[PDB]
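# Observations on chain architecture
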Amino acid sequence: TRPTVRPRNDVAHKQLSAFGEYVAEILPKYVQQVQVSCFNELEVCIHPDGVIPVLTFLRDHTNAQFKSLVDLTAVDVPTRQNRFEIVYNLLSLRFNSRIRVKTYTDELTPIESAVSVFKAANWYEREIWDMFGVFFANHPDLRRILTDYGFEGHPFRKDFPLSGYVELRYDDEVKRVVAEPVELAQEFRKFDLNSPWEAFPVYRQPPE
Amino acid sequence: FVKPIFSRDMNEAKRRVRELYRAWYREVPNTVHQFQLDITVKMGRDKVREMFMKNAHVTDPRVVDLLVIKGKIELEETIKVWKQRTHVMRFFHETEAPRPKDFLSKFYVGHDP
Amino acid sequence: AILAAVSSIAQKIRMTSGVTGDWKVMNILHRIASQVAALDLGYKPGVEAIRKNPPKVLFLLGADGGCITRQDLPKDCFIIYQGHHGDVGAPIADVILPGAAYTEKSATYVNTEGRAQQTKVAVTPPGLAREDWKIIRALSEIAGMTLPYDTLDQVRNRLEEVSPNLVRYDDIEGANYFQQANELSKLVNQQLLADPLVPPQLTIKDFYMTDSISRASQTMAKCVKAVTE
Amino acid sequence: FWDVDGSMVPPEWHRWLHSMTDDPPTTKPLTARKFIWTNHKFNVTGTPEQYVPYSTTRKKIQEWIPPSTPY
Amino acid sequence: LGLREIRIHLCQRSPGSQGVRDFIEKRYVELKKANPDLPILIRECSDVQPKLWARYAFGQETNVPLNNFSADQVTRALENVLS
Amino acid sequence: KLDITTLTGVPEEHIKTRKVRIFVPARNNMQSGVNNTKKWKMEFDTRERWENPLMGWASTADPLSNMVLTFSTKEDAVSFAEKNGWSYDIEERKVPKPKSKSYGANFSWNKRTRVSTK
Amino acid sequence: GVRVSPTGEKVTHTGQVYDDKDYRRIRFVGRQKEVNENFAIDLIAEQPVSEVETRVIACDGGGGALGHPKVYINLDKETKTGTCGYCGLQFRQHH
Amino acid sequence: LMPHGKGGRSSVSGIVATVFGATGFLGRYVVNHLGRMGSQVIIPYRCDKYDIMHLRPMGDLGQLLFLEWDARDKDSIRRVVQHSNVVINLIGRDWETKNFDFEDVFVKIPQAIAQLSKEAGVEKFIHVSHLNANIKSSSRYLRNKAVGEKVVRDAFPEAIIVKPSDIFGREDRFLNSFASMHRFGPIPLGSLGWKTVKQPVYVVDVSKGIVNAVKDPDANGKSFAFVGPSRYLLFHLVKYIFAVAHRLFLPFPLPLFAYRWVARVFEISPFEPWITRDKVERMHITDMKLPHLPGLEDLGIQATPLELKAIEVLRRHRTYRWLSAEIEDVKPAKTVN
Ligand SMILES: NC(=O)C1=CN([C@@H]2O[C@H](COP(=O)(O)OP(=O)(O)OC[C@H]3O[C@@H](n4cnc5c(N)ncnc54)[C@H](OP(=O)(O)O)[C@@H]3O)[C@@H](O)[C@H]2O)C=CC1
């Protein structure tokens, strides 16, 4: 229960918890869950219409100066209609604390841009615009990062093939590089390594 | 129901597209000369008319305005003399073989759907 | 004769009563994978007495050398074919037209219980083989009588305007016409009963070679030679 | 010579220049199993000797045999 | 030219099909008795409306829906399509 | 019908040519585990894949062919295929029907279960 | 001494040589098709069959953790040799 | 074999071409078109490995093959054509190489290729002459084609005889030479160009046409004669050439023999001439207007006008003052019809 096991830090869990109810007090209007795992990792909801007003508050001291948007990590789950799950990782430097505060959005919901508030999201912007289509409040430019020029796709939508539909090559008489239909050789020979028989009864969503 | 991107109802959106067409329609020769396209310029304007036709089934103003957002964003890369001649030619797919919509030929080709 | 006899038997057991009456006592075990759907479409009884004059009969599978052969027309032996294995039917035929195996096509099949269930695509036909009915729509398209539907989904759309049960899959259930109207024309005929009455398959050793795949399968040859000696 | 290169060395001595082994193969000659090569042909990308990748594992469906008999 | 195959469709339970159900349970033996040749295929399908296909020359087919029709009206259509 | 047919980057050809398949994946026959029957998933119909003239490799046609997608419910998957504009075919869940069982049911002279030596 | 194809090129140890009709054979032209001289097949049965008067045995492929996992070969039937599932080499119980 | 996959670089087709003349101008194009379809293509070569290196992109791994061979030897030709199902032929040389007399180029070699193709059981041996092939005292090279046309017509009787006229492309000898005259300065022409007329043929069309010709069972002994969209008179044609080159244009008459002498002065070089006594008459010859022979659209491919193709071919010559200039503004050359 020790040589392999990583010890559970109850203390920080206690402090983060208590601060968690503290914040739960402070912004009832958007804050929801106050998740607190044994990893010492706190988490909190925000409604997307509540993106900016919460985040600004975060930067300003209460007992945690949530300075430096370290990340706007993003996840797409097709099942939920609110398929997008934008996440604000954060770190109050003065208090050496860390927190994860996320949201959700639909394909045509103009979620608020923290560009005015953090500016670090001038690109967390355009990536998460481009890879997805998560339209953003008001940004100086929504021009694509990463993906090419005429490129139409939105990879990381967890949709359409990992190769994509596009596969460019130089061509002769046109004297120029041209995009072409894929035609993969050998093909990504995907292995379904999923295991029937649950190893974790403690979890397990009920059949209901 | 859900809150709109920009335009609400088609006319707030329809206003934006025309702004887009001219934004291309004037820009085209500039592109014809910056990249020295061998295409006759009317072909360019025709393609300009065509890409505005592929989006004919659009009916939600959020879809229209999001399409002109992305289309103006493409215009950004165009006007700033970004891209390359090849990228301009990607719209043409001229290297690719023509597709026979006729079913009989589709029979003759391969297994297909 | 056995038909009218057994119909009389099931009706008689209905006369015995104690039956719920919705029991649908009258039933049979088909061994064929195709006749049941053709009869859902009610094409014909399938009587072979027809094998008279017609030139240029078309072969769908044509796996048996029994029910049909080229003595039907002394003159022309011109006979079109669209099976997939070459066993039996193919050599007899001329101007052969190769076609798909079952896993490859998405074409449907009807269970004997009236259950409808389409095949789905797998490895696709090996070469110049294609979807079976597509050649038909091609010939008709050349014949000056092109079929209005295009996609296989659209021929399925046609099945609703005729079958109309092929469009529905898991729907075994229906109105069920009941033995009243059924029996009445059964008794307006009658046929002599006879001898003998023997199952086609007899024993295990004969069970290994039926259709072109079961026939041509090598495991079947090894297995039948196993059950022999 | 005036065309010398790598791959000219034998595999035992090939282990020796790289100093994987302090001891030259002289002192410890290797297993010398029957199927290993002896001349050591070195790399040959040009010239008529030349590796060719190719299809392996024969056939698939075995296309149907046409009749030889007329009629 | 008058017919080659004729066929009908019928909801298993619907009120608009019920009189037709009663009909097939009765007179269908008579009409079927009338025509040893031309099939009168019948289907149980719970398609939203009861239906009447009737092929003529070169595969052309009439198609009268049987929704909200009494069996007498059904027959009334039936003699009409004898040819 | 909130189509995102243009909002997605997909070629029109792949949305026209094919219907997708919504379903609930089957349990292994060769294995005991029921565990993957749970959670819906949708998968596109397979296409022909000619062999590579060299080295005998697979040479896939349609790029999208290996796609797979889990869903909490059936209406969920239907909603996705509707949002995305592809045609689909719904399929029912297949939980096995319960079977009464008992240790002694194997036995009893009258029931003709009996089994035999044990 | 690999069996020679009608075209004259040697067949692979997994026999599969191309048809005379086959255009693909053109690839080998101007070059050399390569096939291994040492078929393992001959070398399987080339070896003497080991025999032990005992019963159940345990092959390891020679070399502790330098070969196949330890395996217990049965010798219930003297009518046949006990070929390894790994080594491929036979065993028997002489008596 | 038979085609599989969507028609592209990785999809297969049964084609097994042996394109002689792949080293040259047209050959890289026809190889590009065979290769784009995913058909495998043999490419026999004599010039050197480096010369055709640029073709490597055109294929996909196994799709291309390279083979050295002597024209002088017959057996090598036998080896290269063995597995060929089709054998396209493009060997030629306008200026006539010294060591290999011009005669062989359209006589001995095409014939050996034809017989060996017959022994090979080639499904479709193919040969490419020219619209100006009917025997003429002018242009021995043009005269030689007629003999090659017939010998090929006999040794392999069902051979197609392609007759393209003045194909123009980026590397075309015919279009470029006219553009290259600005370096020359003055612009001689045999009695100007008013007497003679031409109907130049675009090359990508000729190539794709060769492909579709391979694809058509119907063609065999057919003697195809490719023709351009438009039948421009030669003088107004040069007008257009510098009209797009934007270079100074100073035409003048010059006697055909007198021009022939200067061409002879330019034939002295082992180094390849821009001007030759073949080129003289081959220019001065008119293009025959033939209707009876099969159309270009029989292959289903539309003719592409030179005006839609010229500026890309000639931008390299136009001066920086003009090198970046709009296309529409040159105004098209006058057509005889
Ligand atoms: N506009 C035009 O150019 C027209 C051309 N034609 C005819 O069609 C053919 C194609 O023209 P094009 O490809 O432009 O001419 P090219 O000179 O470009 O093509 C000929 C190629 O074949 C090679 N070749 C031929 N014979 C030999 C030999 N004996 N030894 C070594 N190399 C040889 C040449 O040299 P290597 O391969 O060694 O480098 C060259 O690569 C020509 O034969 C021409 O007469 C007809 C009408 C119009």
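Residues numbered from 1 in each chain as written, not as in the entry; some residues may be left out. Chains lettered and ligands numbered in written order. Part of a larger assembly, values for the part shown. Heavy atoms only, no water.

Method-wise, the PDB entry is recorded as coming from cryo-EM, at a reported resolution of 3.4 Å.

As recorded in the PDB entry, chain C goes by NADH-ubiquinone oxidoreductase 75 kDa subunit, mitochondrial and comes from Homo sapiens. Readers searching the PDB will find this entry under the title "Cryo-EM structure of human respiratory complex I matrix arm".

Per the PDB entry, chain B is named NADH dehydrogenase [ubiquinone] 1 alpha subcomplex subunit 6, and its organism is Homo sapiens. You can read under Function (literature references left out) in the UniProt record for chain B the words "Accessory subunit of the mitochondrial membrane respiratory chain NADH dehydrogenase (Complex I), that is believed to be not involved in catalysis. Required for proper complex I assembly. Complex I functions in the transfer of electrons from NADH to the respiratory chain. The immediate electron acceptor for the enzyme is believed to be ubiquinone." UniProt, in its Subunit section for chain B, records the words "Mammalian complex I is composed of 45 different subunits." (UniProt positions renumbered as here; feature names shortened; annotations may be inferred.)

What follows covers the interface of chain A and chain F. Contact residues are listed per partner, giving 30 residues for chain A and 34 residues for chain F. A combined buried area of about 2700 Å² lies between chain A and chain F, and 54% of that area is made up of carbon and sulfur atoms. One can count two salt bridges joining chain A with chain F. Inspection of the chain A/chain F interface yields nine residue pairs in polar contact. Grouping the amino acids of the side of chain A that touches chain F by side-chain chemistry returns eleven nonpolar, eight polar and eleven charged. (Contact = heavy atoms within 4.5 Å. Buried area = accessible area lost by both parts, 1.4 Å probe. Salt bridge = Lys/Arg side-chain N within 4 Å of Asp/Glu carboxyl O. Polar contact = N/O pair within 3.5 Å; in protein donor to acceptor, adjacent residues only side chain to side chain. Nonpolar A, V, L, I, M, F, W, Y, C, P; charged D, E, K, R; others polar.)

For the rest of this paragraph, the subject is the sheet that holds strand β2 (residues 40-44) of chain F. Residues and elements named next belong to chain F. An order of β1-β2-β5 is seen for the three strands of this open sheet, with the pairing classed as antiparallel. Two strands close off the open sheet at either side, each with one partner strand: β1 (20-23) and β5 (68-71). Going across the sheet, the axis of each strand differs from the next one's by a mean of 20°, ignoring polarity. Pairing analysis gives four bridges linking β2 to β5, with the strands arranged antiparallel. The partner of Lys 41 across the bridge, within β5, is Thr 70. (Pairing = 2+ DSSP bridges. Helix = DSSP H or I, 4+ residues; strand = E, 2+ residues; numbered from the N terminus. Axes fitted to C-alpha atoms, helices over the stretch in contact; angles between N-to-C directions.)

With that settled, consider the interface of chain F and chain C. Each partner contributes residues to the interface: chain F has nine residues there, and chain C has six residues. Surface buried jointly by chain F and chain C totals about 460 Å² across both partners, of which 47% is contributed by carbon and sulfur atoms. The tally of links between chain F and chain C comes to one salt bridge. A salt bridge links F:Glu91 to C:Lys120; the nearest nitrogen and oxygen atoms lie 3.2 Å apart. The tally of links between chain F and chain C comes to one residue pair in polar contact.

Right, let's talk about the site of the ligand for a bit. Residue and element names in this part refer to chain H. Every one of the 22 residues lining the ligand counts as a neighbour, but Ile 91, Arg 93, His 130, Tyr 141 and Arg 173 are closest to it. Between the ligand and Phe 25, the relevant distance is 2.8 Å, taken from an oxygen atom to a main-chain nitrogen or oxygen of the residue. Here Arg 173 contributes a side-chain N or O atom positioned 2.2 Å from an oxygen atom of the ligand. Contact with the protein chains hides 88% of the accessible area of the ligand, taken as 850 Å² for the molecule alone. Of all the secondary-structure elements, those providing two or more residues to the shell around the ligand are α1 (25-36) and α5 (140-155). Among the residues forming the shell around the ligand, the class breakdown is twelve nonpolar, six polar and four charged. (Near = heavy atom within 4 Å. Areas by Shrake-Rupley, 256 points an atom, 1.4 Å probe, with all protein chains shown as cover.)

It is worth spelling out the pairing of strand β4 (residues 97-102) of chain A at this point. On a regular strand, one side chain projects to one face of the sheet and the next to the other, so that they alternate. Residues and elements named next belong to chain A. Alternating residues of β4 divide into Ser 97, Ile 99 and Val 101, all buried, and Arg 98, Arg 100 and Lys 102, none buried. Here strand β2 (residues 42-45) runs beside β4; their pairing, made up of four bridges, is parallel. Within β4, the position partnered with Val 44 by the bridge is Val 101. Between strand β3 (residues 87-92) and β4, which follow one another and run antiparallel, lie four residues, and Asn 96 among them has a positive phi close to 55°. (Buried < 20%, exposed > 50% of the residue type's maximum accessible area, 1.4 Å probe, protein only.)

The next subject is the sheet that holds β3(A). All names here are of chain A. What the four strands build is an open sheet, ordered β1-β2-β4-β3; its pairing is mixed. Where the open sheet ends on each side, the last strands, each with one partner, are β1 (34-36) and β3. Shown here is a sheet whose adjacent strand axes are inclined to one another by a mean of 25°, direction ignored. With three bridges connecting them, β1 and β2 associate as antiparallel partners.

Before going further, it helps to examine a negative patch on the surface. Residues H:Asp48, H:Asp51, H:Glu68, H:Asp70, H:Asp73 and H:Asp75 make up a contiguous surface patch of negative charge. In this structure, H:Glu68 sits in strand β3 (residues 64-68). (Patch = residues over 30% accessible without salt bridge, like charges linked within 9 Å, V, L, I, M, F, W, Y side chains within 5 Å. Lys, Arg positive; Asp, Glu negative; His and termini not counted. Charge placed at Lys NZ, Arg CZ, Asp CG, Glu CD.)

Residues and elements named next belong to chain B. Where helix α1 (residues 10-25) meets helix α4 (residues 61-79), the axes come as close as 9 Å, and the angle between the chain directions of the two elements is 20°. With respect to their mutual orientation, α1 and α4 come out roughly parallel. Here α1 runs over α4; the crossing is left-handed. Packed against α1, whose contacting residues are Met 10, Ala 13, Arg 16, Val 17, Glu 19, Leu 20, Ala 23 and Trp 24, the element α4 presents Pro 61, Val 64, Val 68, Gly 71, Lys 72, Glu 74, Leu 75 and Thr 78 at the interface. Across the contact of α1 with α4, the residue classes break down as ten nonpolar, two polar and four charged. (Parallel < 35°, antiparallel > 145°, perpendicular 65-115°, else oblique. Left-handed = near helix turned anticlockwise from the far one by under 90°.)

Attention shifts here to the packing of helix α1 (residues 2-16) of chain C against helix α6 (residues 179-186) of chain C. Residues and elements named next belong to chain C. Interhelical geometry of α1 versus α6 gives an angle of 140° and a closest axis separation of 10 Å. Here α6 runs oblique to α1, going by the angle between their axes. Considering only the axes of α1 and α6, their crossing is left-handed. Taking contact as the criterion, the partners of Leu 3, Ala 4, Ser 7, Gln 11 and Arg 14 in α1 are, on α6, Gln 179, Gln 180, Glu 183 and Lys 186. Residues of the contact of α1 with α6, tallied by class, amount to two nonpolar, four polar and three charged.

What follows concerns the pattern of salt bridges. Counted by the stated rule, this structure contains 49 salt bridges over all chains. A salt bridge links C:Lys134 to C:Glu131; the shortest N-O distance between them is 3.6 Å. Among the charged side chains, a salt-bridge network with shared partners connects C:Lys120, F:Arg21, F:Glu43 and F:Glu91.

Trans is the common state for peptide bonds, and a negative phi is the common state for residues other than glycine. The amide bond that connects C:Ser163 to the next residue, C:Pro164, takes the cis arrangement and shows omega of -20°. Tracing the backbone through its elements, the reader meets C:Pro164 in the loop between α5 (152-160) and α6. Of note, the bond from C:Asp195 into C:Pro196 is cis; its omega dihedral lies within 30 degrees of zero at -10°. In this structure, C:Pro196 sits in the loop between α6 and α7 (212-216). One non-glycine residue, C:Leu202, lies in the positive phi region at around 60°. Looking at where C:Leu202 falls in the secondary structure, it is placed in the loop between α6 and α7. If you check the backbone angles, H:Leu192 has positive phi at about 55° while not being a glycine. Relative to the elements of secondary structure, H:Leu192 occurs in the loop between β7 (187-190) and α7 (203-215). Residue H:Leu192 is classed as partly exposed on the basis of its relative accessible area, which comes to 22%.

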